[PDB]
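See below for work-v3.cif, which holds mmCIF, C-alpha atoms.
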data_target
loop_
_atom_site.group_PDB
_atom_site.id
_atom_site.type_symbol
_atom_site.label_atom_id
_atom_site.label_comp_id
_atom_site.auth_asym_id
_atom_site.auth_seq_id
_atom_site.Cartn_x
_atom_site.Cartn_y
_atom_site.Cartn_z
ATOM 1 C CA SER A 117 16.583 2.633 -6.960
ATOM 2 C CA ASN A 118 18.478 2.162 -3.598
ATOM 3 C CA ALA A 119 15.550 0.762 -1.486
ATOM 4 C CA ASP A 120 13.701 -2.495 -2.116
ATOM 5 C CA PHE A 121 10.233 -1.127 -1.154
ATOM 6 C CA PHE A 122 8.581 2.184 -0.285
ATOM 7 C CA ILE A 123 5.299 2.075 1.737
ATOM 8 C CA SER A 124 2.488 4.557 1.010
ATOM 9 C CA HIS A 125 -0.240 4.650 3.735
ATOM 10 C CA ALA A 126 -2.726 6.733 5.729
ATOM 11 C CA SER A 127 -1.332 8.431 8.913
ATOM 12 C CA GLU A 128 -3.649 6.330 11.148
ATOM 13 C CA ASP A 129 -1.884 3.132 10.133
ATOM 14 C CA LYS A 130 1.652 4.316 10.306
ATOM 15 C CA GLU A 131 2.472 3.352 13.854
ATOM 16 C CA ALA A 132 0.310 0.236 14.020
ATOM 17 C CA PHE A 133 0.866 -1.920 10.909
ATOM 18 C CA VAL A 134 3.227 0.015 8.643
ATOM 19 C CA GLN A 135 5.579 0.046 11.609
ATOM 20 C CA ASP A 136 5.500 -3.721 12.072
ATOM 21 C CA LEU A 137 5.755 -4.383 8.352
ATOM 22 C CA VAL A 138 8.825 -2.032 8.208
ATOM 23 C CA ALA A 139 10.501 -3.716 11.262
ATOM 24 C CA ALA A 140 9.768 -7.271 9.960
ATOM 25 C CA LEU A 141 11.109 -6.512 6.452
ATOM 26 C CA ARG A 142 14.260 -4.762 7.801
ATOM 27 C CA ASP A 143 14.832 -7.796 10.075
ATOM 28 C CA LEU A 144 15.226 -9.842 6.814
ATOM 29 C CA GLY A 145 17.822 -7.339 5.477
ATOM 30 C CA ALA A 146 15.577 -5.292 3.138
ATOM 31 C CA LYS A 147 15.942 -1.502 2.610
ATOM 32 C CA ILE A 148 12.582 0.340 3.158
ATOM 33 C CA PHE A 149 11.367 3.925 3.454
ATOM 34 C CA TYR A 150 8.220 5.024 5.325
ATOM 35 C CA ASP A 151 8.953 8.587 6.607
ATOM 36 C CA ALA A 152 8.170 10.533 3.410
ATOM 37 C CA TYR A 153 5.395 8.295 2.103
ATOM 38 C CA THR A 154 2.520 9.056 4.458
ATOM 39 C CA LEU A 155 -0.603 10.261 2.653
ATOM 40 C CA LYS A 156 -2.373 13.481 3.661
ATOM 41 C CA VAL A 157 -5.789 14.722 2.425
ATOM 42 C CA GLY A 158 -5.195 16.603 -0.866
ATOM 43 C CA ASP A 159 -2.073 14.622 -1.888
ATOM 44 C CA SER A 160 -1.672 13.172 -5.399
ATOM 45 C CA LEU A 161 -1.341 9.329 -5.334
ATOM 46 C CA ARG A 162 0.241 9.455 -8.834
ATOM 47 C CA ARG A 163 2.971 11.928 -7.787
ATOM 48 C CA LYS A 164 3.743 10.038 -4.517
ATOM 49 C CA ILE A 165 3.878 6.718 -6.462
ATOM 50 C CA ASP A 166 6.254 8.176 -9.153
ATOM 51 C CA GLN A 167 8.399 9.783 -6.376
ATOM 52 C CA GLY A 168 8.725 6.409 -4.597
ATOM 53 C CA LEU A 169 9.311 4.358 -7.765
ATOM 54 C CA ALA A 170 12.287 6.663 -8.632
ATOM 55 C CA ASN A 171 14.037 5.634 -5.336
ATOM 56 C CA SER A 172 12.826 1.976 -4.921
ATOM 57 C CA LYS A 173 12.415 -1.280 -6.911
ATOM 58 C CA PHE A 174 8.779 -1.758 -5.700
ATOM 59 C CA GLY A 175 5.943 0.068 -3.949
ATOM 60 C CA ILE A 176 3.413 -0.999 -1.325
ATOM 61 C CA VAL A 177 -0.029 0.642 -0.886
ATOM 62 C CA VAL A 178 -1.785 -0.183 2.453
ATOM 63 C CA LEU A 179 -5.537 -0.394 1.560
ATOM 64 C CA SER A 180 -7.219 0.301 4.907
ATOM 65 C CA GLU A 181 -10.480 2.109 5.864
ATOM 66 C CA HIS A 182 -8.372 5.287 6.562
ATOM 67 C CA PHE A 183 -6.668 5.198 3.119
ATOM 68 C CA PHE A 184 -10.150 5.095 1.434
ATOM 69 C CA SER A 185 -11.643 7.907 3.643
ATOM 70 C CA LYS A 186 -8.658 10.259 2.826
ATOM 71 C CA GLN A 187 -8.202 8.886 -0.816
ATOM 72 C CA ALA A 190 -14.903 10.806 -6.734
ATOM 73 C CA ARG A 191 -16.898 8.196 -8.789
ATOM 74 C CA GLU A 192 -16.169 9.956 -12.168
ATOM 75 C CA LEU A 193 -12.389 9.342 -11.629
ATOM 76 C CA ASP A 194 -12.462 5.912 -9.808
ATOM 77 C CA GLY A 195 -11.364 4.121 -13.016
ATOM 78 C CA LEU A 196 -8.322 6.399 -13.268
ATOM 79 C CA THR A 197 -7.182 6.368 -9.566
ATOM 80 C CA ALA A 198 -7.740 2.637 -8.860
ATOM 81 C CA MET A 199 -5.663 1.682 -11.940
ATOM 82 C CA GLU A 200 -2.793 3.754 -10.447
ATOM 83 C CA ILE A 201 -2.956 1.440 -7.356
ATOM 84 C CA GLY A 202 -3.772 -1.841 -9.159
ATOM 85 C CA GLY A 203 -2.675 -1.463 -12.798
ATOM 86 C CA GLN A 204 1.086 -1.034 -12.111
ATOM 87 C CA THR A 205 3.511 -3.979 -12.272
ATOM 88 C CA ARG A 206 5.799 -2.399 -9.564
ATOM 89 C CA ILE A 207 2.892 -1.576 -7.140
ATOM 90 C CA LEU A 208 1.474 -4.173 -4.740
ATOM 91 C CA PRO A 209 -1.597 -3.328 -2.652
ATOM 92 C CA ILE A 210 -2.140 -4.814 0.862
ATOM 93 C CA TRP A 211 -5.696 -5.112 2.221
ATOM 94 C CA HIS A 212 -5.723 -4.222 5.932
ATOM 95 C CA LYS A 213 -8.818 -4.602 8.155
ATOM 96 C CA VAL A 214 -11.244 -4.042 5.174
ATOM 97 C CA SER A 215 -14.229 -5.995 3.793
ATOM 98 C CA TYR A 216 -14.798 -7.012 0.127
ATOM 99 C CA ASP A 217 -17.999 -4.816 0.120
ATOM 100 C CA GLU A 218 -16.082 -1.748 1.485
ATOM 101 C CA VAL A 219 -13.315 -2.088 -1.186
ATOM 102 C CA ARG A 220 -16.120 -2.552 -3.827
ATOM 103 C CA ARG A 221 -18.121 0.473 -2.416
ATOM 104 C CA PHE A 222 -15.060 2.734 -2.812
ATOM 105 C CA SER A 223 -13.913 1.116 -6.056
ATOM 106 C CA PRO A 224 -15.390 -1.828 -7.982
ATOM 107 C CA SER A 225 -12.249 -1.880 -10.135
ATOM 108 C CA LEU A 226 -9.926 -2.535 -7.089
ATOM 109 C CA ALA A 227 -12.010 -5.278 -5.346
ATOM 110 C CA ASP A 228 -10.960 -8.076 -7.728
ATOM 111 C CA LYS A 229 -7.321 -7.072 -8.288
ATOM 112 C CA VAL A 230 -4.692 -9.483 -6.895
ATOM 113 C CA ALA A 231 -3.381 -8.507 -3.492
ATOM 114 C CA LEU A 232 -1.922 -9.445 -0.138
ATOM 115 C CA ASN A 233 -4.338 -9.534 2.851
ATOM 116 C CA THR A 234 -3.454 -9.204 6.588
ATOM 117 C CA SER A 235 -6.465 -11.347 7.655
ATOM 118 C CA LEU A 236 -4.852 -14.354 5.852
ATOM 119 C CA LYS A 237 -1.195 -13.965 6.979
ATOM 120 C CA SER A 238 0.886 -12.602 9.882
ATOM 121 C CA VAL A 239 3.149 -9.518 9.294
ATOM 122 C CA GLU A 240 6.121 -11.978 9.420
ATOM 123 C CA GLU A 241 4.568 -14.213 6.660
ATOM 124 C CA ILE A 242 3.900 -11.078 4.530
ATOM 125 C CA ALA A 243 7.516 -9.779 5.029
ATOM 126 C CA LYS A 244 8.915 -13.243 4.041
ATOM 127 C CA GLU A 245 6.690 -13.395 0.940
ATOM 128 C CA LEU A 246 7.518 -9.760 -0.056
ATOM 129 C CA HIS A 247 11.233 -10.445 0.445
ATOM 130 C CA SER A 248 11.066 -13.388 -2.039
ATOM 131 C CA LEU A 249 10.007 -11.120 -4.932
ATOM 132 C CA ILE A 250 13.032 -8.901 -4.443
#
Can the structure in the file be given as structure tokens, please?
Amino acid sequence: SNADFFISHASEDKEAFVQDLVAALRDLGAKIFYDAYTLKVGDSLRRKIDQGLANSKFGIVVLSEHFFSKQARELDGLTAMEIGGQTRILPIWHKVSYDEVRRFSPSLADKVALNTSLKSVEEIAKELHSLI
């Protein structure tokens, strides 16, 4: 577990917010990996999460509109608990509404998480760095 955090995200967010979160956290002296953790349609969240947790202390999942679009009701209880029911995984809500999160997964909407509409990338990096 060399790195402090690994960031799993949708490709559409990688340059815009993942990129600032990575830069801001590195600026504070934290080790982070974002190259291998982009999510593509057909990827297994479980496998990517286990892969990342084998090389890092914690994991970050960027919950944006793109992440939800890319990712079935029957299995929502299983997949949302992989994002929200893990002690070492912290989700970040990015540019999403409570009703959107609830529409994709009722289970996820009430789980404790960071939110970019409440803090700057710098405030989020400082708060994430404290947990380390």
Could you check the closest approach to residue 213 (chain A) for each of A:130, A:142, A:182, A:247 and tell me which residue wins, using all atoms listed in the file?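 Closest to residue 213 (chain A) of all the choices is A:182.
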Please identify all polymer residues lying at most 9 Å from the point (13.2, -1.7, -1.0) (file coordinates), using only C-alpha atoms, and present the result as a count of residues only. 16
Which neighbours of region 198-205 of chain A fall inside 8 Å, counting all atoms listed in the file, when residues of the same chain fewer than 3 positions from it are skipped, and could you give them as a PDB file with C-alpha atoms, in the frame of the given file?
ATOM      1  CA  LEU A 161      -1.341   9.329  -5.334  1.00  0.00           C
ATOM      2  CA  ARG A 162       0.241   9.455  -8.834  1.00  0.00           C
ATOM      3  CA  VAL A 177      -0.029   0.642  -0.886  1.00  0.00           C
ATOM      4  CA  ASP A 194     -12.462   5.912  -9.808  1.00  0.00           C
ATOM      5  CA  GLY A 195     -11.364   4.121 -13.016  1.00  0.00           C
ATOM      6  CA  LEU A 208       1.474  -4.173  -4.740  1.00  0.00           C
ATOM      7  CA  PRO A 209      -1.597  -3.328  -2.652  1.00  0.00           C
ATOM      8  CA  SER A 223     -13.913   1.116  -6.056  1.00  0.00           C
ATOM      9  CA  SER A 225     -12.249  -1.880 -10.135  1.00  0.00           C
ATOM     10  CA  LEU A 226      -9.926  -2.535  -7.089  1.00  0.00           C
ATOM     11  CA  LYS A 229      -7.321  -7.072  -8.288  1.00  0.00           C
TER      12      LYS A 229
END
Kindly give the distance, in Å, that separates CA of residue 191 (chain A) and CA of residue 157 (chain A), rounded to a single decimal.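 Atom-to-atom, CA of residue 191 (chain A) and CA of residue 157 (chain A) are spaced 17.1 Å apart.
Comparing the minimum interatomic distances between residue 192 (chain A) and each of A:222, A:211, A:158, A:230, counting all atoms listed in the file, we find that A:222 sits nearest.
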Can you tell me how far CA of residue 150 (chain A) sits from CA of residue 178 (chain A), in Å to one decimal?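 CA of residue 178 (chain A) lies 11.6 Å from CA of residue 150 (chain A).
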Using only C-alpha atoms, which of A:249, A:123, A:193, A:155 sits nearest residue 135 (chain A)? A:123
7 Å contact set for region 232-244 of chain A, only C-alpha atoms, chain neighbours under 3 positions out, as a PDB file with C-alpha atoms, in the coordinates of the input:
ATOM      1  CA  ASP A 136       5.500  -3.721  12.072  1.00  0.00           C
ATOM      2  CA  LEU A 137       5.755  -4.383   8.352  1.00  0.00           C
ATOM      3  CA  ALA A 140       9.768  -7.271   9.960  1.00  0.00           C
ATOM      4  CA  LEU A 141      11.109  -6.512   6.452  1.00  0.00           C
ATOM      5  CA  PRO A 209      -1.597  -3.328  -2.652  1.00  0.00           C
ATOM      6  CA  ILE A 210      -2.140  -4.814   0.862  1.00  0.00           C
ATOM      7  CA  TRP A 211      -5.696  -5.112   2.221  1.00  0.00           C
ATOM      8  CA  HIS A 212      -5.723  -4.222   5.932  1.00  0.00           C
ATOM      9  CA  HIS A 247      11.233 -10.445   0.445  1.00  0.00           C
ATOM     10  CA  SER A 248      11.066 -13.388  -2.039  1.00  0.00           C
TER      11      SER A 248
END
If I take CA of residue 218 (chain A) and CA of residue 206 (chain A), how far is one from the other in Å, to one decimal? 24.5 Å
From the list A:196, A:207, A:176, A:170, which residue is nearest residue 134 (chain A) when using all atoms listed in the file?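 The closest residue to residue 134 (chain A) is A:176.
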Produce region 149-244 of chain A of the given structure as output with C-alpha atoms, as a short mmCIF file (atom, residue, chain, number, x, y, z; two decimals), in the first residue's frame.
data_model
loop_
_atom_site.label_atom_id
_atom_site.label_comp_id
_atom_site.auth_asym_id
_atom_site.auth_seq_id
_atom_site.Cartn_x
_atom_site.Cartn_y
_atom_site.Cartn_z
CA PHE A 149 -2.63 7.34 -8.75
CA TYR A 150 -5.15 8.27 -11.47
CA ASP A 151 -3.74 6.80 -14.75
CA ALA A 152 -4.96 3.20 -14.35
CA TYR A 153 -8.20 3.96 -12.51
CA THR A 154 -10.38 5.45 -15.23
CA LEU A 155 -13.66 3.58 -15.70
CA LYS A 156 -14.78 2.35 -19.13
CA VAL A 157 -18.21 0.90 -20.06
CA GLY A 158 -18.13 -2.84 -19.23
CA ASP A 159 -15.56 -2.56 -16.40
CA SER A 160 -16.11 -4.25 -13.01
CA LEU A 161 -16.22 -1.68 -10.14
CA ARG A 162 -15.44 -4.50 -7.65
CA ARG A 163 -12.27 -5.60 -9.51
CA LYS A 164 -11.04 -1.98 -10.00
CA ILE A 165 -11.72 -1.24 -6.28
CA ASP A 166 -9.83 -4.41 -5.11
CA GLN A 167 -6.96 -3.60 -7.55
CA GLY A 168 -6.65 -0.07 -6.11
CA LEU A 169 -7.02 -1.11 -2.45
CA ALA A 170 -4.05 -3.54 -2.92
CA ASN A 171 -1.76 -0.56 -3.84
CA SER A 172 -3.27 2.28 -1.67
CA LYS A 173 -4.49 2.99 1.89
CA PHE A 174 -7.80 4.52 0.64
CA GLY A 175 -9.96 4.86 -2.47
CA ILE A 176 -11.96 7.74 -3.93
CA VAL A 177 -15.01 7.28 -6.22
CA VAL A 178 -16.08 10.46 -8.13
CA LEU A 179 -19.93 10.26 -8.28
CA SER A 180 -20.75 12.43 -11.30
CA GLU A 181 -23.49 12.23 -14.00
CA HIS A 182 -20.92 10.46 -16.30
CA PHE A 183 -20.03 7.81 -13.66
CA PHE A 184 -23.78 6.92 -13.33
CA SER A 185 -24.42 6.83 -17.15
CA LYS A 186 -21.43 4.41 -17.68
CA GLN A 187 -21.94 2.57 -14.26
CA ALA A 190 -29.49 -2.52 -13.49
CA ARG A 191 -32.18 -2.15 -10.72
CA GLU A 192 -32.00 -5.89 -9.72
CA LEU A 193 -28.30 -5.41 -8.73
CA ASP A 194 -28.38 -1.78 -7.36
CA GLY A 195 -28.22 -3.07 -3.75
CA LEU A 196 -25.06 -5.03 -4.57
CA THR A 197 -23.15 -2.36 -6.63
CA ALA A 198 -23.98 0.69 -4.44
CA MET A 199 -22.75 -1.15 -1.31
CA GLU A 200 -19.40 -1.66 -3.12
CA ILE A 201 -19.16 2.19 -3.40
CA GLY A 202 -20.73 3.09 -0.02
CA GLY A 203 -20.41 0.04 2.25
CA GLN A 204 -16.57 -0.06 2.37
CA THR A 205 -14.60 1.56 5.21
CA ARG A 206 -11.61 2.33 2.86
CA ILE A 207 -13.80 3.84 0.05
CA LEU A 208 -14.96 7.47 0.12
CA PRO A 209 -17.38 8.73 -2.53
CA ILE A 210 -17.31 12.37 -3.78
CA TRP A 211 -20.50 13.89 -5.25
CA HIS A 212 -19.61 16.06 -8.26
CA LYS A 213 -22.17 18.24 -10.10
CA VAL A 214 -25.11 15.86 -9.19
CA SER A 215 -28.53 16.38 -7.57
CA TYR A 216 -30.00 14.38 -4.63
CA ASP A 217 -32.84 13.20 -6.99
CA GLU A 218 -30.33 12.01 -9.68
CA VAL A 219 -28.27 10.01 -7.09
CA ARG A 220 -31.61 8.60 -5.73
CA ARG A 221 -32.89 7.82 -9.33
CA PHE A 222 -29.74 5.76 -10.04
CA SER A 223 -29.53 4.32 -6.52
CA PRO A 224 -31.73 4.97 -3.47
CA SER A 225 -29.16 3.13 -1.34
CA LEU A 226 -26.32 5.63 -2.25
CA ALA A 227 -28.28 8.92 -1.80
CA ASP A 228 -28.11 8.91 2.01
CA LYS A 229 -24.59 7.52 2.47
CA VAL A 230 -22.03 9.92 3.98
CA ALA A 231 -19.90 11.69 1.41
CA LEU A 232 -17.87 14.68 0.32
CA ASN A 233 -19.57 17.17 -2.06
CA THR A 234 -17.86 19.66 -4.46
CA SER A 235 -20.79 22.13 -4.25
CA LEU A 236 -19.98 22.64 -0.51
CA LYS A 237 -16.14 22.91 -0.66
CA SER A 238 -13.34 23.98 -3.02
CA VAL A 239 -10.91 21.31 -4.41
CA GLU A 240 -8.29 22.77 -1.98
CA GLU A 241 -10.66 22.34 1.06
CA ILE A 242 -11.40 18.73 -0.07
CA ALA A 243 -7.64 17.93 -0.50
CA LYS A 244 -6.90 19.37 3.01
#
